[PDB]
Amino acid sequence: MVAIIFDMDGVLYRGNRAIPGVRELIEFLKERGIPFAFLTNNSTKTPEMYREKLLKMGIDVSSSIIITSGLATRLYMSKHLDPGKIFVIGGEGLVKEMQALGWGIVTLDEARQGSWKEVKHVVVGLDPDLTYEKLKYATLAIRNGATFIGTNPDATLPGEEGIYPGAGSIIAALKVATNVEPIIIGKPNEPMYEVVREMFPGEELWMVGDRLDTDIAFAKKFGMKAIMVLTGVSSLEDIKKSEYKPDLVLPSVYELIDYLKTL
Amino acid sequence: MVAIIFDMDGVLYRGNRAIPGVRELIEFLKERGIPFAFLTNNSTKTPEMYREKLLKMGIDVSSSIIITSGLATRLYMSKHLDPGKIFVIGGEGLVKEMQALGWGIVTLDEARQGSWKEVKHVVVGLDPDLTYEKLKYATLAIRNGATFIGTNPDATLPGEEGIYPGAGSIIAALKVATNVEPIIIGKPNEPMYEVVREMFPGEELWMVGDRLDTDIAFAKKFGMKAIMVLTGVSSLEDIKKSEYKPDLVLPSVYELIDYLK
Ligand SMILES: [Mg+2]
Ligand SMILES: [Mg+2]
């Protein structure tokens, strides 16, 4: 009873470009009864927002099978930490997930008044509007004993003008400023796997991605079939100089159909 | 003869107050014509600004002997790099030093037009007004071949409310985003030593500092007499596990007077 987990950007679509055959694949998985879920390290957007983006790319799926690092972070906090006030560095998606916890968020303004002193958890995701001030209060809070949580490790992600700094870039700065080892939630980390597992309890899991350092590393560390597609960031060549080795390489997710039909 | 190089914070003063005996010492060095300079890894301030801070404490010196990491960065660039436009992440101090190079600075507005591609050198120091946008263009430029230069390795520095992120933390974010090893100027790195060395040709150098991991490491790596004072960050106990060891430990810079006679 196989369940397939798909990374999004570079797998189900590429930027603002649709990848041919994705709708067919998804229509096929439903026909075969094959459960699936989308898993993105990006924490700037909600599952709902992602459902809309997917629709625009010719894909219709429930936001219920869309797992973002932000939602994984909320689930991790709820299950393994003690409720306390949160200071957030990140976008709308992440703020919304933290608000949902209902633990209470210390705003930048309250922080300026000294409330960083009462922060129990610091959550860091990709923040396009990052400022030194934010790094300052996050550092003060983490140094005061606040949990240091990072949504994902990605050093970078594509931007309009080229390769832009990712959450890992921001998390790295705080690691240096606090001298504290962050708890990273997303791929290729265990908290993310815990979330996938919770959704699909006893299934044989397959991971389909385009990044070796996150997607493939994730599959190998947790025993998921490591399937890499070539529609994204990685190439056959990157495989060799990488510690992570795909169990299967396909041109795109469309080819998953005949792969599944021929066993 | 002998030239004395002093780290500043934790040696000549603490935050806002001069350490006792520092005024006598400085006046003593001047009377004897003993060469000396002040060295700081901070690049947010101009040497002139430091002079004023020191004078208000009764510490009277020339701005020409106050070497900031920004000043050291300029001298390293002129000496070892080929002239090219610069993109700067840092405060007034560093911006001013980069201007003095006369190589041309790409501002955020120019970078917004796409001029980040014309950046030949990216210089990164402590920037209290850091923004993701700045990190973005610095990242793009470095990925486009621009030199990745960091003013100092300092992970943190003292702030009003506690320990704040230092230049090293900003440099770390860019190292991760670019996958490029930054060339670090400030102590214990060699570029800052090269600057001091060239300032006092023919002089035996003594380095006076309060940090084992930066000042003492700096002295031992480049052959300066490593003098540690106890008025700052490091303590005697810290020496045990420290990689580099001081040649001499003094309670403060004041106890230095008898040695010079
Ligand atoms: Mg991807
Ligand atoms: Mg010091």
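First the proteins, then the strands, lettered A, B, ... as listed; each starts at 1. Heavy atoms only: backbone and side chains are in, while hydrogens, waters and symmetry mates are out. All ligand and atom numbering here is 1-based and tracks the order in the structure.
Test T214(A), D154(A), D215(A) against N41(A) for side chain to side chain donor-acceptor pair (under 3.5 Å) and you get one pass: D154(A).
Looking at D9(B) and the Mg ion (ligand 2) together, the shortest N, O or S contact belongs to O. When the Mg ion (ligand 1) is compared with the N/O/S atoms of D210(A), atom OD1 turns out nearest. Restricting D7(B) to its N, O or S atoms, the one at the least distance from the Mg ion (ligand 2) is OD2.
Looking at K96(B) and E92(B), a side-chain N of the basic residue comes within less than 4.0 Å of a carboxylate O on the acidic one, giving a salt bridge. Taking the charged nitrogens against the carboxylate oxygens, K187(B) and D7(B) do have a contact shorter than 4.0 Å, which makes a salt bridge. Between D247(B) and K220(B) there is a salt bridge, since at least one side-chain N of the basic residue sits less than 4.0 Å from a carboxylate O of the acidic one.
Here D215(B) fails the criterion, with no N, O or S atom under 2.8 Å of the Mg ion (ligand 2).
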